[PDB]
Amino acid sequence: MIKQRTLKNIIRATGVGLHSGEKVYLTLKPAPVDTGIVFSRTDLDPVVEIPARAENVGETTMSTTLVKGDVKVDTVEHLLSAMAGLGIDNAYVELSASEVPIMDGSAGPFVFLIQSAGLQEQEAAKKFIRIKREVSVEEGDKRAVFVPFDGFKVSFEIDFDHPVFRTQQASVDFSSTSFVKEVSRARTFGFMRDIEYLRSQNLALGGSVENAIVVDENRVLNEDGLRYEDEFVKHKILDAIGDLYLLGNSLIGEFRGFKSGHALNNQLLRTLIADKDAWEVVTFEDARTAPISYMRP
């Protein structure tokens, strides 16, 4: 039977917030059965805890933000991506500040920290949301879709009118392709012109080539270049996997993005939750006959 997983050991990590430019201390802790992923602002008295759930998403412009009163946690989607890919159900994310550290721009540092610590099976069935019906949202030229699928799969397409865009489409069946190998190293990215402006408005204060792909009109300015021919669309998939995890249960089904982002990914989540005709919660008495598979712990 497919069981809930938490961390075996606690993980301590250090970084900077992409927007805040603030140094932040990160502690990942095991958690009991049926906790979910809970973000916890330990710099406050009293300490403030926001479950990583679609109900707790704030104004979706720069990144995925969790909110509870006037306390926020900025840029959760990369860490949540990492935890999704390794199948982590239960964990406490402690932060000494408002923003999750950016690390290298990818999920890879987070995935390493998690597997280093190790994972622990817990005595309870894992709960899965299975897409039963197509559910689709559009706004202008953007679109984001759930389609039933005996497994877990994400496709994405982007279209920037810009010399640097290379492959702008990709699809990954995560039951036959490794999240760790193929998606987790995909780095966030930013246009020279936007970054010059946004910096001027006290935004992206922690950005650098050390944590972002920087791009002028013509080329990646990063000296050692890209990790993947298709890094940009691969990062969109990585962000999508994070936002999907705000459902609070692992997904059996497929996600398709067309120029989508946090805002419309969040509309799709809300529209899916709202239409109980479109999904069901299932468990599995036998892994050998389940449509998705997990690594050994």
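Note that the rigid core is defined as the largest set of C-alphas that superpose within 1.5 Å between two forms. Each residue number is its position in the shown sequence, starting from 1.
Visitor: When the core is superposed, where do the C-alphas shift more in 4 other deposited structures of this protein: in 174 to 182 or in 75 to 83?
Guide: It is 174 to 182 whose C-alphas lie farther from the shown form in 4 other deposited structures of this protein.
Visitor: Quick one: with the core lined up, is it 59 to 67 or 46 to 54 that wanders further in 4 other deposited structures of this protein, going by C-alpha RMS?
Guide: When 59 to 67 and 46 to 54 are compared in 4 other deposited structures of this protein, 59 to 67 lies farther out.
Visitor: According to the PDB entry, how many deposited residues between residue 165 and residue 166 are absent from the model (none, 1 to 3, 4 to 9, 10 or more)?
Guide: Per the deposited record, the segment joining residue 165 and residue 166 lacks coordinates for 1 to 3 residues.
Visitor: Read off the CA B-factors in the entry, average them over 89 to 97 and over 166 to 174, and name the higher stretch.
Guide: For C-alpha atoms only, the mean B-factor is higher in 166 to 174.
Visitor: Please compare 198 to 206 with 138 to 146 and name the stretch with the higher mean C-alpha B-factor in the deposited structure.
Guide: The deposited B-factors put 198 to 206 ahead on the C-alpha mean.
Visitor: Based on the PDB record, which member of 253, 242, 69, 257 exhibits the highest Cα temperature factor?
Guide: So the option with the highest C-alpha B-factor is 69.
Visitor: Per the coordinate record, which of the options 116, 155, 81, 188 holds the highest CA temperature factor?
Guide: Among 116, 155, 81, 188, the PDB entry lists the largest C-alpha B-factor for 116.
Visitor: Name the third of the chain's ranked CA B-factors that contains residue 49, choosing lowest, middle or highest.
Guide: Highest third, going by the recorded CA B-factors of the chain.
Visitor: Pull the Cα B-factor of residue 41 out of the PDB entry and bin it into the chain's lowest, middle or highest third.
Guide: Within its chain, residue 41 is a highest-third residue by C-alpha B-factor, going by the deposited values.
Visitor: How does the C-alpha B factor of residue 62 compare with the rest of the chain: lowest, middle or highest third?
Guide: Answer is highest: the recorded C-alpha B-factor places it there.
Visitor: Sorting the chain's CA B-factors, does residue 218 end up in the lowest, middle or highest third?
Guide: Its C-alpha B-factor belongs to the highest third of this chain's values.
Visitor: Mind checking which third residue 127 falls in for C-alpha B-factor across the chain?
Guide: Highest third of the chain for residue 127's C-alpha B-factor.
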